[PDB]
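A.B. asks: One structure coming up, written as structure tokens, with questions to follow.
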Amino acid sequence: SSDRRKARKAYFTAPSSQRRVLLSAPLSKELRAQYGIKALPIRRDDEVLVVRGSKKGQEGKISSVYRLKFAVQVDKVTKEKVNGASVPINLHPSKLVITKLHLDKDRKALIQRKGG
Amino acid sequence: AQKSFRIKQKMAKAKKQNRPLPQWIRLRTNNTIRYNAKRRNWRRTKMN
Amino acid sequence: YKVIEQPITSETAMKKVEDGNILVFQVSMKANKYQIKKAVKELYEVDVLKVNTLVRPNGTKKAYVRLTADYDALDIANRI
Amino acid sequence: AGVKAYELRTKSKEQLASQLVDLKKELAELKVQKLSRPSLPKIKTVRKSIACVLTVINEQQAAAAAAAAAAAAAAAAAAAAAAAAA
Amino acid sequence: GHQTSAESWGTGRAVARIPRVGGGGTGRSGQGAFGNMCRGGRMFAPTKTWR
RNA sequence: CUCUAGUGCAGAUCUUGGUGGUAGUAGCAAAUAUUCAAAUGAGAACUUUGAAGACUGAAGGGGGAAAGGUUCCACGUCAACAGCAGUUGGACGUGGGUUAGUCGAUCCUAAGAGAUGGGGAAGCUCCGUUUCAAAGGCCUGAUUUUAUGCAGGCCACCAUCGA
RNA sequence: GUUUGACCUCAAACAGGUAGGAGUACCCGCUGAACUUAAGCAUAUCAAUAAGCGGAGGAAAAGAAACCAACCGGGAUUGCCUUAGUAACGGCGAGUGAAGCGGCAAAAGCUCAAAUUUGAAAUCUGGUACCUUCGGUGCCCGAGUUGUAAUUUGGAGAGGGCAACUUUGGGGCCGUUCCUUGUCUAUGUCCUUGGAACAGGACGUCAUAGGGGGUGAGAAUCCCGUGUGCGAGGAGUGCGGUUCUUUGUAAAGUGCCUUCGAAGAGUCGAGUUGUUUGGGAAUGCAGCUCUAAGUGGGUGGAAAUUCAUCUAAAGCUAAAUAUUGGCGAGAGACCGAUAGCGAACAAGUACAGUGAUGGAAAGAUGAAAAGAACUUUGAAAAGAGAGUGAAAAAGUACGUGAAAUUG
RNA sequence: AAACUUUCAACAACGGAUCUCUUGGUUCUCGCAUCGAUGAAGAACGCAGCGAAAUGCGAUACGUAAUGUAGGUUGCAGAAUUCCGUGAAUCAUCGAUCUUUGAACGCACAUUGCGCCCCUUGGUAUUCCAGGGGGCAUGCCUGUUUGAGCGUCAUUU
């Protein structure tokens with residue numbers, strides 16, 4: 001209901017079906033103007049960009065997507081380590097926007113199923 | 001004493017739990033204290 | 001339940017196979033003296049005399065697998 | 001991984017006799033892996049060939065069982081009427 | 001408030017006549033729900049749905 | 001712009017906890033002397049080793065059962081923690097070792113008690129077990145085998161449980 | 001000797017199915033108390049309940065007249081509003097305290113006999129024999145038709161047969177509804193101070209959806225969702241419509257002919273007690289023991305007597321209603337780590353008690369961990385330069401910070 | 001005399017409140033509403049590149065299978081290994097799953113230990129054990145094989 005913690009309850013112990021969707025980020029403007037869709041879920045080999053933030057409007061990709069954590073590693077947002085290893089580094093995917101959507105087998109038929 | 005059958009693995013369970021507090025605990029918290037309440041000491045508590 | 005898990009192959013089983021004959025085993029718990037001996041006899045390929053039992057405070061029952069004279073000891077233990 | 005469920009059901013009893021014995025031949029290696037430190041790229045194949053060979057063997061039991069006759073005996077089809085006691 | 005038991009005892013040990021510690025009782029006072037001046041006992045006017 | 005409630009703190013030898021107080025004071029564990037040299041080291045009265053003495057020897061020697069249950073052991077650490085130091089510990093952490101027909105784990109008698117069924121009676125429970133029961137010998141019939149095993153007929157002379 | 005059988009009393013082993021337990025609340029029944037109040041006080045009263053045990057179910061549990069009104073009239077159980085502190089009881093002291101009538105909600109009714117004394121063609125049953133595997137065959141116990149009527153007695157009130165078939169049921173088909181899966185979620189971009197814009201400034205649209213929460217800062221348009229439309233695939237649990245048999249069997253309506261019927265005894269209640277405060281005390285109700293009639297017996301708070309009214313002592317039945325162990329959604333003048341669920345966090349886990357059990361300490365960086373390379377001093381601790389980064393005036397024991405304590 | 005003593009200022013230091021916080025309530029409102037011998041709720045002890053250990057699994061062990069869903073590799077995790085880029089595999093369902101042990105249950109016992117009666121199957125010297133399977137004497141109920149007393153008291157001898 002109207003509740004902070006008890007609304008977050010559903011988000012926290014969300015099933016794996018809902019955790020597909022809750023790996024969310026918006027779509028870019030020429031993806032909306034191509035299709036129609038608001039957001040679509042976020043996966044590994046998508047080209048990404050940072051919306052709100054100091055990392056402002058830079059090019060990136062995603063390295064890893066994680067299931068329970070929700071947070072994704074972002075390629076090109078790269079710092080080192082104390083030992084000196086150039087790693088992709090974490091961000092929560094709300095701070096991101098994807099520029100790639102693939103066509104594939106029948107994601108082609110997902111986005112244009114019965115409603116679309 | 002002479003031990004029976006179903007005493008032995010209750011005692012084995014107790015001496016297995018005589019190991020330290022799990023080290024996974026303060027990877028979730030990081031540093032901040034989480035203290036626990038069981039194990040067994042030899043001088044003090046016996047088993048059930 | 002069922003009888004045999006595996007041998008226990010620490011440095012202790014490398015004492016009592018060179019000198020004192022046996023293969024030290026760590027089987028299941030309700031696996032008695034008769035059951036363990038004939039189960040070794042079919043499985044491993046060795047003839048077996050008195051096989052003994054002892055449970056530690058770890059809960060697991062050991063078995064003391066004594067062999068016959070025509071068979072070996074070292075080429076009985078190290079086959080796996 | 002090893003064999004598979006839906007394939008075992010569509011077998012015949014003449015083939016399932018071979019499945020029982022020849023699947024648990026590799027099981028001898030799996031117990032040796034526990035002793036020599038386990039590792040999932042060898043040790044992971046230890047589960048479903050207990051009942052999945054026996055239940056598909058008991059397809060020939062259950063589908064033949066509806067042609068019995070006598071009195072007395074229970075465990076076969078007797079504890080089926082539990083949620084039909086009322 | 002009746003989720004603890006704490007008894008009277010008086011002098012001879014370090015607790016009062018007030019039900020503070022007895023059959024348990026850390027910061028859970030009262031025999032039943034007793035002691036509003038005691039913290040974790042009862043309230044003065046415990047609010048009710050009946051009123 | 002006005003209506004509503006668990007609505008003003010100094011106190012029942014009270015209540016939730018830290019901190020103050022005597023106080024760095026006493027205590028520092030029943031009067032079985034200790035002296036001297038070394039090994040190792042950052043540090044040595046204490047670990048460990050040598051020289052030497054006090055001391056006990058119907059126990060400071062030896063050694064099993066109940067009860068407990070791996071505390072022994074080797075490996076390994078000096079942080080927390082030991083009425084002090086500390087090179088040390090069962091604290092701390094990890095694994096191993098315990099092989100019986102053979103030493104204990106049974107029948108019947110005592111203290112004493114149990115299991116089961118129906119009744120007397122309001123239950124508890126007492127009672128029945130004492131005749132069958134339980135166990136054994138002899139005879140007959142059908143089936144099968146290297147053997148076997150079963151069913152029927154016949155035998156009065158005994159009957160509760162635990163060191 | 002010996003030959004041949006029925007009922008009372010009233011068994012044991014093989015062999016298909018069927019079942020155990022873990023649990024909360026709701027109700028009915030039974031052995032069945034008390035702290036207390038009249039400031040006290042054995043019999044008012046805590047009370048037919050706790051606690052313990054038994055019984056029934058998914059709802060429990062009740063009920064269709066041996067009723068009220070009062071000559072005007074009406075007709076089950078159950079819940080609610082009027083009612084009622086009235087009508088009565090209790091040192092008339094605390095206290096307890098109905099019924100009837102009108103209105104509102106949701107309201108349909110049935111199983112047993114001329115008792116019983118009960119037996120066969122066939123129907124048809126509990127147990128059980130042969131066959132020896134639920135299939136085929138046989139006997140006794142027996143239920144009414146039926147083969148066929150009485151016993152103990154009585155009336156003029158009233159019933160039954162016969163014919164036409166129809167409806168229910170069963171079978172077949174369709175429509176409606178429910179469940180599940182699957183999909184589009186509308187509406188948005190610019191500019192600027194800047195570390196980030198959800199503020200401010202500029203221009204539009206959806207809105208049915210502007211409740212909500214999450215989002216690097218205030219949100220309709222950034223996200224998760226919602227309103228609203230759409231693909232079909234299964235199911236009979238409900239509801240509606242249609243079709244077949246008049247169902248070789250069971251009931252009702254319609255129409256015609258001909259003629260006459262009943263009763264449940266350990267109960268009614270009783271010497272006496274009592275589950276009821278026995279008081280003149282109904283009823284509810286039967287301990288010890290016995291015990292009554294169907295133009296006759298019973299309800300209506302004394303009896304003679306009269307009027308209106310009901311017909312037990314066998315049995316069954318829907319809802320208005322009570323309640324939770326599990327799951328989801330929404331909200332209430334409803335908290336923000338001393339509150340509240342035991343517990344927001346490895347809280348039953350370092351621990352303590354033989355012991356269902358008691359049970360503390362306990363929350364925390366940023367955008368990105370990049371969680372300090374490198375250099376230099378000291379023995380580790382500790383002390384300084386230097387880098388990373390938006391800021392290091394964010395340095396890992398990571399918010400704001402006071403005092404005793406303490407320079 | 002400012003050590004010992006007291007106050008102020010400047011410069012800080014050992015302790016540490018409250019509130020905005022917050023995958024946690026409470027209370028109230030609407031709609032549905034338990035599992036189990038085919039082995040319940042629950043413990044034991046196994047199953048990783050490295051491993052204290054979350055989380056899943058548990059003699060085809062981070063699963064197991066058919067179909068609709070492009071980049072998979074849960075968590076501490078950085079990294080390493082291995083496969084693919086317009087038909088990798090993700091998620092709902094159905095089917096597979098059911099180690100030991102708890103109702104627990106071959107049976108006594110002090111839960112994760114541990115031994116009896118019977119059948120089947122295998123090996124071996126007659127014998128004994130093993131591989132494995134089952135029940136009111138683990139609750140109840142039925143059929144079949146097949147039993148007795150005694151009376152009102154039978155048919156014939």
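All residue names refer to the structure tokens as shown: chains lettered A, B, ... in order, residues numbered from 1 in each chain, ligands numbered from 1 in order.
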Taking only C-alpha atoms into account, which residues of chain D are within 9 Å of chain C, as a list in words?

C.D. replies: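 Taking only C-alpha atoms into account, residues 29, 31, 32, 34 and 35 of chain D sit within 9 Å of chain C.
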
A.B. asks: Using only C-alpha atoms (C1' of nucleotides), determine which residues lie at most 12 Å from segment 129-133 of chain H, disregarding the query and same-chain residues fewer than 6 positions distant; provide the list as an MDAnalysis selection string.

C.D. replies: (chainID C and resid 1:3 33:42) or (chainID H and resid 106 118:123)

A.B. asks: Quick one: DSSP alpha helix (DSSP H) residues in chain B, as a list in words?

C.D. replies: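 Result set for chain B (alpha helix (DSSP H)): residues 8, 9, 10, 11, 12, 13, 14, 15, 16, 25, 26, 27 and 28 of chain B.
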
A.B. asks: Compare G:346, G:13, G:372, G:115 by their minimum atom-to-atom distance to residue 23 of chain B, counting only C-alpha atoms (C1' of nucleotides), and give me the closest one.

C.D. replies: G:346

A.B. asks: How many Å separate atom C1' of residue 3 of chain G from atom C1' of residue 155 of chain H?

C.D. replies: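 It comes out at 8.5 Å.
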
A.B. asks: Using DSSP on the backbone coordinates, identify the residues of chain A assigned to strand (DSSP E); present them as a list in words.

C.D. replies: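 These are the residues in question: residues 47, 48, 49, 50, 59, 60, 61, 62, 72, 73, 74, 75, 76, 77, 78, 79, 87, 88, 89, 90, 91, 96, 97 and 98 of chain A.
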
A.B. asks: Would you save the residues from that selection as a CSV table (one decimal), in the first residue's frame, using N, CA, C and O atoms?

C.D. replies:
```csv
chain,number,residue,atom,x,y,z
A,47,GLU,N,24.9,-1.6,-25.8
A,47,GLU,CA,25.6,-0.3,-25.7
A,47,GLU,C,24.8,0.6,-24.8
A,47,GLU,O,23.6,0.6,-24.9
A,48,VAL,N,25.5,1.3,-23.8
A,48,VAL,CA,24.8,2.0,-22.7
A,48,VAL,C,25.4,3.4,-22.7
A,48,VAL,O,26.3,3.7,-23.4
A,49,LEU,N,24.7,4.3,-21.9
A,49,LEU,CA,25.1,5.7,-21.8
A,49,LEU,C,24.6,6.1,-20.5
A,49,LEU,O,23.6,5.4,-20.0
A,50,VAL,N,25.1,7.1,-19.8
A,50,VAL,CA,24.7,7.6,-18.5
A,50,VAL,C,23.9,8.8,-18.7
A,50,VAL,O,24.2,9.7,-19.5
A,59,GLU,N,29.9,7.4,-23.7
A,59,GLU,CA,29.6,6.1,-24.3
A,59,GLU,C,30.1,5.0,-23.4
A,59,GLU,O,31.1,5.2,-22.7
A,60,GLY,N,29.5,3.8,-23.5
A,60,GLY,CA,29.8,2.7,-22.6
A,60,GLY,C,29.2,1.5,-23.2
A,60,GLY,O,28.5,1.5,-24.3
A,61,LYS,N,29.4,0.3,-22.6
A,61,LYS,CA,28.7,-0.9,-22.8
A,61,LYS,C,28.4,-1.4,-21.4
A,61,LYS,O,28.8,-0.7,-20.4
A,62,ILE,N,27.8,-2.6,-21.3
A,62,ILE,CA,27.7,-3.3,-20.0
A,62,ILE,C,28.6,-4.5,-20.1
A,62,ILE,O,28.8,-5.0,-21.2
A,72,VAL,N,24.8,-3.5,-12.4
A,72,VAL,CA,25.5,-4.0,-13.6
A,72,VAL,C,26.8,-3.3,-13.6
A,72,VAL,O,27.0,-2.2,-13.2
A,73,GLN,N,27.8,-4.1,-14.2
A,73,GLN,CA,29.1,-3.4,-14.4
A,73,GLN,C,29.1,-2.7,-15.7
A,73,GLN,O,28.5,-3.2,-16.7
A,74,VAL,N,29.7,-1.5,-15.8
A,74,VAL,CA,29.6,-0.7,-17.0
A,74,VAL,C,31.0,-0.6,-17.5
A,74,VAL,O,32.0,-0.3,-16.8
A,75,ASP,N,31.2,-1.0,-18.8
A,75,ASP,CA,32.4,-0.9,-19.6
A,75,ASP,C,32.6,0.6,-20.0
A,75,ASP,O,31.6,1.2,-20.3
A,76,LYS,N,33.8,1.0,-20.0
A,76,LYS,CA,34.3,2.4,-20.3
A,76,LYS,C,34.2,3.3,-19.2
A,76,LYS,O,35.0,4.3,-19.1
A,77,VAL,N,33.4,3.0,-18.1
A,77,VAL,CA,33.5,3.6,-16.8
A,77,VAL,C,34.4,2.6,-16.1
A,77,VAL,O,34.0,1.6,-15.5
A,78,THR,N,35.8,2.9,-16.2
A,78,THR,CA,36.8,2.0,-15.9
A,78,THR,C,37.8,2.8,-15.0
A,78,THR,O,38.3,3.8,-15.5
A,79,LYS,N,38.0,2.3,-13.8
A,79,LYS,CA,39.1,2.7,-13.0
A,79,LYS,C,40.0,1.5,-12.8
A,79,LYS,O,39.8,0.5,-13.5
A,87,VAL,N,39.4,-2.7,-14.4
A,87,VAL,CA,38.2,-3.4,-14.3
A,87,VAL,C,37.0,-2.6,-14.8
A,87,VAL,O,37.0,-1.4,-14.6
A,88,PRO,N,35.9,-3.2,-15.4
A,88,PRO,CA,34.6,-2.5,-15.5
A,88,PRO,C,34.1,-2.4,-14.1
A,88,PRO,O,34.4,-3.2,-13.2
A,89,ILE,N,33.2,-1.3,-13.8
A,89,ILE,CA,32.9,-0.9,-12.4
A,89,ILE,C,31.5,-0.7,-12.4
A,89,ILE,O,30.8,-0.5,-13.4
A,90,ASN,N,30.9,-0.9,-11.1
A,90,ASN,CA,29.4,-1.0,-10.9
A,90,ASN,C,28.7,0.3,-11.1
A,90,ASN,O,29.3,1.3,-10.9
A,91,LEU,N,27.4,0.2,-11.4
A,91,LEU,CA,26.4,1.2,-11.4
A,91,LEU,C,25.1,0.6,-11.3
A,91,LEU,O,24.9,-0.6,-11.8
A,96,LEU,N,21.4,4.7,-15.9
A,96,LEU,CA,21.8,4.4,-17.3
A,96,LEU,C,20.6,4.5,-18.3
A,96,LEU,O,19.5,4.7,-17.9
A,97,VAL,N,20.9,4.3,-19.6
A,97,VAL,CA,19.9,4.3,-20.7
A,97,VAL,C,20.6,3.5,-21.7
A,97,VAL,O,21.8,3.6,-22.0
A,98,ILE,N,19.8,2.5,-22.4
A,98,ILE,CA,20.4,1.7,-23.4
A,98,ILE,C,20.1,2.3,-24.8
A,98,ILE,O,19.1,2.9,-25.0
```

A.B. asks: Quick one: everything within 10 Å of residue 21 of chain C, counting only C-alpha atoms (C1' of nucleotides), minus sequence neighbours fewer than 5 positions away in the same chain. Send it as a PyMOL selection string.

C.D. replies: chain C and resi 13+15-16+64-69+72-74

A.B. asks: Since we have the selection now, will you write its residues out, keeping C-alpha atoms, as a PDB file, in the first residue's frame?

C.D. replies:
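Output file result-v9.pdb is given in full below:
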```
ATOM      1  CA  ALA C  13      46.296 -45.556   6.561  1.00  0.00           C
ATOM      2  CA  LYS C  15      51.138 -46.671   8.617  1.00  0.00           C
ATOM      3  CA  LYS C  16      48.780 -49.605   9.139  1.00  0.00           C
ATOM      4  CA  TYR C  64      39.310 -51.896   9.785  1.00  0.00           C
ATOM      5  CA  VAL C  65      39.517 -54.022   6.669  1.00  0.00           C
ATOM      6  CA  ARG C  66      41.870 -56.950   7.289  1.00  0.00           C
ATOM      7  CA  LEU C  67      43.044 -58.991   4.319  1.00  0.00           C
ATOM      8  CA  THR C  68      44.120 -62.573   3.549  1.00  0.00           C
ATOM      9  CA  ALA C  69      47.608 -63.927   2.826  1.00  0.00           C
ATOM     10  CA  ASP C  72      48.613 -58.159  -1.492  1.00  0.00           C
ATOM     11  CA  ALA C  73      48.306 -55.054   0.732  1.00  0.00           C
ATOM     12  CA  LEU C  74      49.834 -52.155  -1.218  1.00  0.00           C
TER      13      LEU C  74
END
```
